[PDB]
């Protein structure tokens, strides 16, 4: 049976707002839930292009009105504005 949390353990560690993380989350570089940060810089290349779960949802895109190119959901603005 269990009863009591080891006193030395409490002695080291275990003795409100989520909007407060924005300060360091901006200090912090892109992170992944599955792909470990440390093991990526060790077994993969620093410049590695990554996608979490590539087949999670269908590819998310929108088609330009006039050229009909399939635009990435992140290349749309810059494409309408000048390149089309």
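Residue numbers count along the first chain shown, from 1. Heads up, when I say rigid core I mean the largest set of C-alphas that superpose within 1.5 Å between the two forms.
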| item | value |
| --- | --- |
| Larger mean CA deviation from the shown form in 4 other deposited structures of this protein [core fit; 5-13 vs 65-73] | 5-13 |
| Chain break class at residue 15/residue 16 - deposited residues not modelled | 4 to 9 |
| Selected stretch [higher average CA B-factor]: 1-9 or 74-82 | 1-9 |
| Chain thirds of CA B-factor: placement of residue 62 | lowest |
